[PDB]
J.: 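Let me give you the structure first, and then I'll get to my questions.
Each chain gets a letter, A, B and so on, in the order the sequences are listed, and its residues count up from 1. What you see below is based on every heavy atom in this structure, not just the backbone, and it leaves out hydrogens, waters and symmetry mates.
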Protein chains: 6
Amino acid sequence: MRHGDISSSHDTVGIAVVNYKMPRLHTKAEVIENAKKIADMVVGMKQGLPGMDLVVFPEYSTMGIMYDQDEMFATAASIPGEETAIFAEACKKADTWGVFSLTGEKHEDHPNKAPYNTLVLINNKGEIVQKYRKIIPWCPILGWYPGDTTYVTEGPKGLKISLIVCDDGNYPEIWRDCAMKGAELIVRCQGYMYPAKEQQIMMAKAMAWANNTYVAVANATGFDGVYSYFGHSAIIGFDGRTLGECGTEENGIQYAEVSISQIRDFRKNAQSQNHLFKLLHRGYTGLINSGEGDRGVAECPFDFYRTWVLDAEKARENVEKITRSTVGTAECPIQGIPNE
Amino acid sequence: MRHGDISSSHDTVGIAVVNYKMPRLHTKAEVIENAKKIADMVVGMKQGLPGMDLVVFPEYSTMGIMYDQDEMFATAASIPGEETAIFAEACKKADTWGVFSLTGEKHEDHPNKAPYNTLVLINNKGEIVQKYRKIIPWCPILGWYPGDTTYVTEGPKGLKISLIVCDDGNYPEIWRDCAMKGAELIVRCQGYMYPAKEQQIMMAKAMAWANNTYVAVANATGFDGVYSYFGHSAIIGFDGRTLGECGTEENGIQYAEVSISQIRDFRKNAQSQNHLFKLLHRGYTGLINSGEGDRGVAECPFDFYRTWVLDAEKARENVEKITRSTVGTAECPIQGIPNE
Amino acid sequence: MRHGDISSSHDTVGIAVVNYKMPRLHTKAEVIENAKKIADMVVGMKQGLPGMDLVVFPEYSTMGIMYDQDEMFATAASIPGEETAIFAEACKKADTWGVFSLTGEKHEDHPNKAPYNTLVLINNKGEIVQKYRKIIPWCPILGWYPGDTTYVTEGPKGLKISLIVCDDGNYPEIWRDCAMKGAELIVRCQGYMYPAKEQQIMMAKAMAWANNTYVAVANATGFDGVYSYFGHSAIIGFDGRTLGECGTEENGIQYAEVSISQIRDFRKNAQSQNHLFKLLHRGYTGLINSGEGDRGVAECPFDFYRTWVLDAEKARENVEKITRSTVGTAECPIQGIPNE
Amino acid sequence: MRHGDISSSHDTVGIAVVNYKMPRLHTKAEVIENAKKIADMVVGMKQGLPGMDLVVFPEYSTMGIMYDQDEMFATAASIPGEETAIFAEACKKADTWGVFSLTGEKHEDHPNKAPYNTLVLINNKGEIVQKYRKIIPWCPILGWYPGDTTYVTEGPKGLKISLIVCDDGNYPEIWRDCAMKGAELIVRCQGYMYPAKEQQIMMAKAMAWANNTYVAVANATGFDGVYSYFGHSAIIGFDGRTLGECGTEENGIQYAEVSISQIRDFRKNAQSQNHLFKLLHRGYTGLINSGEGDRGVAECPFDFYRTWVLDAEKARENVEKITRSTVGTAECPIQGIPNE
Amino acid sequence: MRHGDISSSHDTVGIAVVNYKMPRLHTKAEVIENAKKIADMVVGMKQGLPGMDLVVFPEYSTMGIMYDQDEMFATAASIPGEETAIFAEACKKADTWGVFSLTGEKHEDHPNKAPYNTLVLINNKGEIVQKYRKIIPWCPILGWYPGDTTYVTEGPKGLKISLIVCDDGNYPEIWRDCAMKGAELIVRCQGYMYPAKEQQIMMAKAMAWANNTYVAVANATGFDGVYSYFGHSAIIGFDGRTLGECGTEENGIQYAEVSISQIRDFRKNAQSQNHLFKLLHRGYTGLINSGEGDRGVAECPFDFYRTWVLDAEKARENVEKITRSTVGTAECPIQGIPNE
Amino acid sequence: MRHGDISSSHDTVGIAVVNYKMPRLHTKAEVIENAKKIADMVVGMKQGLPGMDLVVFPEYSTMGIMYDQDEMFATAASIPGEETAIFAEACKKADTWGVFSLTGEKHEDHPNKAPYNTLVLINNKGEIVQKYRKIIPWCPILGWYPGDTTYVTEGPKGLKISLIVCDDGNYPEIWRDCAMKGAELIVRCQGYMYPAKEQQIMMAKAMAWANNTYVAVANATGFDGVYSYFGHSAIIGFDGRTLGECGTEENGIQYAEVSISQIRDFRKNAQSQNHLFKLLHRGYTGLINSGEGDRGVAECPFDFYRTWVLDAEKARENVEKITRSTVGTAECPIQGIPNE
Ligand SMILES: [Cl-]
Ligand SMILES: [Cl-]
Ligand SMILES: [Cl-]
Ligand SMILES: [Cl-]
Ligand SMILES: [Cl-]
Ligand SMILES: [Cl-]
């Protein structure tokens, strides 16, 4: 957990995040060309960052956002496929792991159901070791089929990695779920458009803190014909403190070293802000002093999670009373999204 | 949701938070004296803040932290009791609601089990309308009996209020639970000691954003013989933007107006960052476009919450593998907290 | 007055500001081409921002700065004209209002007097509803004919709008004049070049506060052969707090919702910082308590404004004693600007 | 215009501002005692700040705020009087000029009309050289009789000084009026209570910039039984950049050197942001190039100032349409302030 | 190198810094009383910070600044002496190391030469393991005899510690000298008075970075009759990033864990910003590629250091040409300091 | 020392720094083309900045970084040469001085030894008045032959200028060496790649403060195939306060006026933070009061500098014990850099 050098050591994973300029693309040929630009970029970056072990690209960095439905379907990728092979070769050549974005990935029922929005983790031998499908697509504007699972994978030097996408990160639950599965680094890849710049910068830091996890964020930049993306790719410590952070600049890069031994030492020996431990051992001191055992309390005391787990339809109904009953709102209509 | 005036209108609740200097007290008489100081403060503040509808004091503002066990037991309060009556009279006189701290509140089995750490919400008629017992005590150093429930109460002008305490706020789950019950304001009362100053400032803002809720934070200041408390009491909008924030100064005050109609308009008509709505309607656009209904997906896709709810002992075991198996650590021992 | 969503409601106006990359243009054909780029941008942005009601472009976004006098004269626009029609069509297609820049607009005595520097407000039916000519051109370098009037126009959802340009905003008087005419939003369009970046960011916020008005700022970006423009387009609340702010990035966008009912509620019920009210009712409490009526004092107590209004030549003379007597300075000469 | 040393030179005025802890006083004897505390403070400070030429204390630093009317009347000062003599002796002993606050100063019709809220500038020989009565009292809560005039006085080393008070500074007009009279330093003395902390920090800087003037701000700190005062006393350059700024700490001090020759060189040779010059020579380049003389335009183009000057009752009526017609509001009533 | 917990592990040293309120004292008895207050504070702090291994107090925290010469001489301490014994007992009781300030420490020729300004490092057995005498007293106002040596001592858990005082830290040379002797933590104890607040906050961070060293800063707070001290005690990583930082509050505390293994891993394996290594191996890549050996260049290429080392009188003369020839300046005279 | 205008006066030097987009070049023809782009830029900038006296470009702005050895050798420049003539003509035409970068400059033994990394200062008559060869190349990645000397040259209006390059600035020694030679402005030209953005922003400010010198920094921007450069070109006062600072934007510009008389007045009359004076007159007050002369102490009390000067091999050995013995590290190998 240290910032400012280009090296890495046996204890540190060298992580690079990229403020990748958002592509504005329309065909499969243009996607492949851009995929090769990304590959070239990986290779060049390793020349300057000899400590690089992990390189992270934004959601949508490969295809851009395919606003047109037909083009979306025409350019949806197979995993493994040609794009991923192009990425894998860069990872082998530069001897790094990498996180790349396929937007879309063909649905099992392609072309009759919406593509997933997917991330892969590729190791330094070119192997896909994690494929993550976004669980919370950025509705209403974006139309991806939602995925249903998080994953933890052993990464460079044994660092445990989970991947999440853009909108996912607004939801504390996903960051929790990954850390509780053992994630030591949560990588948030995004094409996070203005407006919500300061809110997203803060969310990543707060989530690093709340889940005692390293966080790496690669966000897109530039204007793509619809959205302007605000950059601020960052790597953040498990103590909530930013390691390094980009600005809004096109193809900015940040690079930081995250210590394996430091996070494991913290998760073992931290007390007051060992949040993962403490959530499941509530009031341990109190119970000890009251003659009630030395484990604290594990039971979930939050009715919302309990209802959600046992009766999601009831939890949905409850939330519709507080918000609205239809996915759309007549005060700000959107074609294809129903309201009233 | 507006900052800088001393007024309030029929649409706004005037909220004041206090950077109350932490008391260093030892007897029941000294607690009562301090309670009367708080009452005097409420009355005086209303003279300057004619728009005040809600006044918020820090956790421990009444008793200080009773580090000595015997003194803890001797000064633990009854609710309703003498302290709360002293507070109620100030609320009636100044025609405001208030949030006060009783640390401890006598356990049902007093003096044979540890006191709770409690907050009350008192209305402008002197009535206790919410009593909240802290669910996540600040273990290891602090020895309160944990509570088990959140509450939502109709507050000034109909504003829905939930109370939480200090350490509670590090845990996104509680902020979620309150908002999902309908809370429009979550009041976090704390005696949050250094070191974790920047992390706590950020957490409150991130939680306001993530749960589309007003947040008010009253934190203690000063040095009490053990801890130095970092202030930065604040009121924060439901869009994640700070309204006003104190520094570390003793008996600082902040004051902001939070609009009833604005939060209800937002929760109704917000789309991209309607996080409460969106969590329980995932991928609605995608499902619509894939011919699968217009509600998105409600089902909880996070194995951690599911395991926690169905088998808390398993979730505890899982977390002990990632952290440690005993509440204490031999590398940083604490008397009465077991380790190895 | 809320930030982070892409929606808008019946109570909120959805405002988008653009960090438009400064053009480097030379002919009428190139201006028309760029005008069409702006139009395309409006249409695309509305696809991503369904709540957009008002889109704002920088001063000079259409023509760039025509440094060459001949090119300036050759490209000066008629209002209404071809450029404005191109903008109007985008406003109708995207169903938004827009603020566009014509630099120059032909003088009544074109080509024998310098063009104005002009802004139009175009409604969602394509109609020009306000034409503002800059009152304080950025002398010495820029040679526009000064305009002489501010305007207030009923905008989207009834929101009262005044337009001002760049250098204008350094002068508190203009922001006052607009608010005193009833403006609820002052839109400051600029091609504000480095150096004065932090000063201009602050001025906008201070003016929002001092005049209890929403403020929207669209500033140019990039290097155009002469100047580098610093971006930091922003929307700011009537309480002085930034809603969202761009960085220095080319074609950044910010978007915020400004509440109609909130500003009207504030201007009605604010007391201590109701600056518009208080300026013309000075010392009301004091006069009441002194038995002198319940209106305070309205009379202007500032000799400078009085002299300026009654004898501008005297006020000019006075200022020349404090500064210098000629528009130019021999220590930093500029061709065509006299000194000594 | 330079920060960080304790010295001063023949070109620089050494200015010290004090975050003076707000007194809570009730009698004339207690005022006199506190006045002597201030005197002792001046003398001690000069021991540490050998470059000190000007020392600035907060509004209300002498009396506190006399909330009780009877006590207000009983403690209202004569100028010159006993308090001012106590201050004068400190100024002679420490060989500095000073700015002190008398709240109240007896009205000509004392005790039958409300006291003024007054500031004096005392030179290093003990002489009162400026007496300023606040033009815009902080209504509604504060009940001072409004003054009607600004002043410019030759200060230490010839530096031209104007004094203003607290609420005054929210109004750009007063800062303008002083600078237009020749002020090179505007001293803003305040007991500026929370809430409006960030807004006031920004206002001072913006006013320094807009009026090409040094600004010094001394603000009170602490809690006085009613209000908490936020400190952030500061000295600011004529270019809008802070020299030094206090935090919220009780009896903080800041100290900066402001160059005489630098402001005079700037006001003479600045061009693009010579705001005082440019306001009264609008569009000079344009008029030159259009064959219309080389002075630009002086005429006031802002209808609000013109109406205010010629018909203040009309300007008042106009503003009541935009805000409200009575000084009070039934939604937030205050005893003695009428509404409906 | 991690922030926010109260624990420490076998790899981390738990460092606490104190924003100790500056005493205003006059006699030996009052010094002893205050020394006991400090001791009580250490003991209490350890109760809250079970990970504390090192506690740091400000320069002057024991005596205050003895402005009066006679009182200075009367209260100058012996080391070891009564004060240090009082500190040692607290260190043994709380099982921590500590850094305390003796101002003055008796000169070998006491009372005929000025006292030193001294710091001790006391281990957890009560033993004085380092005594540092300030090399660069804060002339002109402060009159301590200058010391002549830095020291490195093995501290808690083997962490190498050097101590420096206040004004010392403005001079990059001292931070270099300590790190080059092997210091892994440089502790800067100060009573750093306003004005130079932001400059000192930055200096510490820059020095941490430039010398790849942990830095801990304990600075005094409050007003002592002469100076106001600005706090902002901090612990900073060897990568230049702040761990935690106090504000200006009286008796604030910060606490951070600094990893032994992380700094040693960095100093071993860092490349691009291994500043200690690189200073003495300049241009290694270039020399390798030019066929000139694989060590780079060690020779000091800076004529100033060379002249300083070989002929300090010449280096002094040189600097007097650039600044002034006498220690005093007639433009800002100080009694006892000669000028002209 | 003032920010925000485009003018300059007889007392001020108008300095412009450029966030020049890093070139990606391969041949001598492409270098010459880019050199002409820089020239065109200088000329255009002067049109907008009539006060410009000094224009500063980033290290590598002319050639980019020639990563390929053969291309490095093929494009290495002669000084004076064709590139410098192209720059000189721009300086004469725009009547400014300029700082340009030749990377490489041919070694005396070209092409058999690595090129230098060089900066020139060109006066407004086209004359090269300073040629600086980088003393601390950015090893390991960059392979320039190290230079061995700093220089001070009389610049525009007599302002004394020293030039330094990129990595140089991490080392306080060089900034000292220049100031001690009389430098009043140190110009740091850089192509400072991410990661170390915040550290470099801070270093420049800290060095301005520590050496009582103006500092100007021109840093490259953009991505060049290997590195992303973080901009934040800046001009900084001799008091450590930023005048103006760019962001990360391509071809940003900043411009500030630095006063000749202000720095000379400060270096003459500053006392407490006259760091250049004080370093060589330590403890002057103390020695005076102890009867030991009125000059303080000049002798260098830092063993590291003494050893470095007398025995650089010993100082190298010492540092290798603290860091590592070989220029390379087996944990992060780099081809051509030896380790183990
Ligand atoms: Cl999505
Ligand atoms: Cl607790
Ligand atoms: Cl203009
Ligand atoms: Cl008032
Ligand atoms: Cl000293
Ligand atoms: Cl280099």
Side-chain angles (χ1 to χ4, degrees), chain A residues 226 329-335 339, chain B residues 269, chain C residues 6-18 20 31-32 34-59 61-62 77-103 105 116 118-133 149-165 178 181-189 214 216 218 235 253 255-261 263-264:
Chain A
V226 175
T329 164
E331 305 187 40
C332 187
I334 293 167
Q335 205 187 64
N339 60 61
Chain B
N269 289 303
Chain C
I6 69 175
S7 202
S8 68
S9 78
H10 289 158
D11 180 65
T12 70
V13 171
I15 305 173
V17 299
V18 187
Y20 196 72
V31 175
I32 294 304
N34 178 60
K36 291 180 182 264
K37 284 177 66 169
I38 291 169
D40 287 351
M41 187 166 193
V42 172
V43 180
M45 286 171 65
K46 177 65 174 242
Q47 261 199 74
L49 302 171
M52 195 176 79
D53 297 313
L54 179 72
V55 64
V56 186
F57 288 82
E59 178 201 16
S61 49
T62 312
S78 305
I79 304 172
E82 197 175 350
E83 301 82 357
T84 68
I86 281 166
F87 303 152
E89 203 61 44
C91 291
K92 294 185 297 197
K93 179 164 181 210
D95 185 25
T96 181
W97 304 49
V99 178
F100 311 93
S101 178
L102 295 311
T103 55
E105 172 198 10
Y116 306 96
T118 302
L119 286 180
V120 291
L121 173 71
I122 306 179
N123 72 16
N124 63 317
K125 323 279 216 11
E127 294 161 339
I128 296 154
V129 293
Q130 185 174 318
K131 186 175 77 180
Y132 174 71
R133 301 168 162 176
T149 300
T150 56
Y151 302 89
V152 187
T153 299
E154 190 189 337
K157 304 162 171 168
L159 183 70
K160 299 171 161 166
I161 303 183
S162 298
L163 305 173
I164 70 176
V165 183
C178 302
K181 286 180 185 185
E184 293 166 329
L185 172 67
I186 301 170
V187 178
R188 190 197 196 184
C189 300
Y214 294 118
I235 311 106
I253 289 163
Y255 174 81
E257 285 177 82
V258 295
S259 168
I260 291 166
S261 58
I263 193 168
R264 291 171 188 180

J.: Which residues pass the ring-ring contact (aromatic ring centres under 6.0 Å, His included) test with C:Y20, sequence neighbours left out?
T.: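 Expected list: C:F57.
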J.: Indicate yes or no for a side-chain donor-acceptor contact from C:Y255 to the backbone of C:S7 under 3.5 Å, with no hydrogens or angles considered.
T.: yes
J.: Decide side-chain hydrogen bond (donor to acceptor under 3.5 Å, both in side chains) for A:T329 and B:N269; before the verdict, give the C-alpha distance in whole Å, the side-chain angles of both, and the deciding distance to 0.1 Å.
T.: CA-CA 6 Å; A:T329 164; B:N269 289 303; 2.5 Å; yes
J.: Look up atom OG1 in C:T150 and atom CD in C:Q130, then write down how far apart they are to the nearest 0.5 Å.
T.: 8.5 Å
J.: Assess whether side chain to side chain contact (heavy atoms under 4.5 Å, CB included) is satisfied between C:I161 and C:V152, documenting all intermediate values.
T.: CA-CA 5 Å; C:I161 303 183; C:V152 187; over 6 Å; no
J.: With rounding to the nearest 0.5 angstrom, report the CG to OG1 distance, C:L185 to C:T153.
T.: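 Reported to 0.5 Å precision, the distance equals 11.5 Å.
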J.: In chain order, what residues pass the side chain to side chain donor-acceptor pair (under 3.5 Å) check against C:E83, with sequence neighbours excluded?
T.: C:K28
J.: Looking at C:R264 and C:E184, does any basic side-chain N land under 4.0 Å from a carboxylate oxygen?
T.: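 Answer for the salt bridge query: yes.
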J.: Keeping C:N124 on the side-chain end and C:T96 on the backbone end, is there a donor-acceptor pair under 3.5 Å?
T.: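 It does not hold such a pair.
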J.: Please give me the minimum heavy-atom distance between C:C189 and C:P58, naming the atom from each residue.
T.: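 Closest heavy-atom pair between C:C189 and C:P58: CB-C, 4.2 Å.
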J.: Which heavy atom of C:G98 sits nearest a heavy atom of C:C91, and at what distance?
T.: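 The pair with the smallest heavy-atom distance is N-SG, 3.8 Å.
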J.: Would you check if the side chain of C:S9 reaches a backbone N or O of C:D11 as a donor-acceptor pair within less than 3.5 Å?
T.: yes
J.: Inspect the surroundings of NZ in C:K160 and state if more than 12 heavy atoms from other residues, nucleotides or ligands are less than 6.0 Å away.
T.: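 No, the 6.0 Å shell around NZ holds no more than 12 heavy atoms from other groups.
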J.: Can you check whether C:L121 reaches C:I128 side chain to side chain, under 4.5 Å on heavy atoms?
T.: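 They are not in side-chain contact.
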J.: Main chain of C:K157, side chain of C:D53: is a donor-acceptor contact present, judged purely on distance under 3.5 Å?
T.: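 Side chain of C:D53 to backbone of C:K157: no pair is present.
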J.: What pair of heavy atoms forms the shortest contact from C:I235 to C:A256, and how long is it?
T.: CD1-N, 3.7 Å
J.: In this structure, are over 12 heavy atoms from other groups packed under 6.0 Å from C:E82 atom CD?
T.: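 Counting other residues, nucleotides and ligands, CD of C:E82 stays at 12 neighbours or fewer.
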J.: Please identify each residue that fulfils side chain to side chain donor-acceptor pair (under 3.5 Å) with C:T118, with sequence neighbours left out.
T.: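 By the side chain to side chain donor-acceptor pair (under 3.5 Å) rule, C:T118 matches C:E105.
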J.: Taking side chain to side chain donor-acceptor pair (under 3.5 Å) as the definition, give me every residue that meets it alongside C:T12, ordered by chain and number, with sequence neighbours left out.
T.: C:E257
J.: Could you go through the side chain to side chain contact (heavy atoms under 4.5 Å, CB included) check for C:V99 and C:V55 one step at a time?
T.: CA-CA 6 Å; C:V99 178; C:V55 64; over 6 Å; no
J.: Could you please spell out the steps behind the side chain to side chain contact (heavy atoms under 4.5 Å, CB included) verdict for C:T62 and C:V31?
T.: CA-CA 6 Å; C:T62 312; C:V31 175; 4.0 Å; yes
J.: Please list, one pair per line, the donor and acceptor atoms closer than 3.5 Å that link side chains of residues 35-48 of chain C to other protein atoms, with sequence neighbours excluded.
T.:
{"from": "C:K46", "atom 1": "NZ", "to": "C:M52", "atom 2": "O", "distance (Å)": "2.9"}
{"from": "C:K46", "atom 1": "NZ", "to": "C:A94", "atom 2": "O", "distance (Å)": "2.9"}
{"from": "C:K46", "atom 1": "NZ", "to": "C:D95", "atom 2": "O", "distance (Å)": "3.1"}

J.: Please find the pair of heavy atoms, one from C:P156 and one from C:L54, that lie closest to each other, and give the distance.
T.: CG-CB, 4.3 Å
J.: Kindly write out the residues that satisfy side chain to side chain donor-acceptor pair (under 3.5 Å) with C:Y132, not counting sequence neighbours, or none if the list is empty.
T.: C:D168
J.: Assess the residue pair C:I263 and C:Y214 against the criterion (side chain to side chain contact (heavy atoms under 4.5 Å, CB included)); give the C-alpha distance rounded to whole Å, side-chain angles, the decisive distance to 0.1 Å, and a yes or no.
T.: CA-CA 8 Å; C:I263 193 168; C:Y214 294 118; 3.7 Å; yes
J.: Which pair of non-hydrogen atoms, one from C:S8 and one from C:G14, has the smallest distance, and what is that distance?
T.: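 Shortest heavy-atom contact: CB-N, 4.0 Å.
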J.: Got a second to check how far A:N339's CG is from A:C332's SG, nearest 0.5 Å?
T.: 10.0 Å
J.: If we ignore hydrogens and angles and just use 3.5 Å, is the side chain of C:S162 paired with the main-chain N or O of C:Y151 as donor and acceptor?
T.: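 Pair found, side chain donor or acceptor close to backbone of C:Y151.
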J.: Counting only N and O atoms by type, is there a donor-acceptor contact under 3.5 Å from the side chain of C:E59 to the main-chain atoms of C:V165?
T.: no
J.: Looking only at heavy atoms, what is the nearest atom pair of C:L102 and C:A77, with distance?
T.: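 Minimum heavy-atom separation between C:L102 and C:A77: CD1-CB, 4.0 Å.
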J.: Please say which of C:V56, C:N123, C:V13, C:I122 ends up in a side chain to side chain contact (heavy atoms under 4.5 Å, CB included) with C:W97.
T.: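 Result for side chain to side chain contact (heavy atoms under 4.5 Å, CB included) with C:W97: C:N123.
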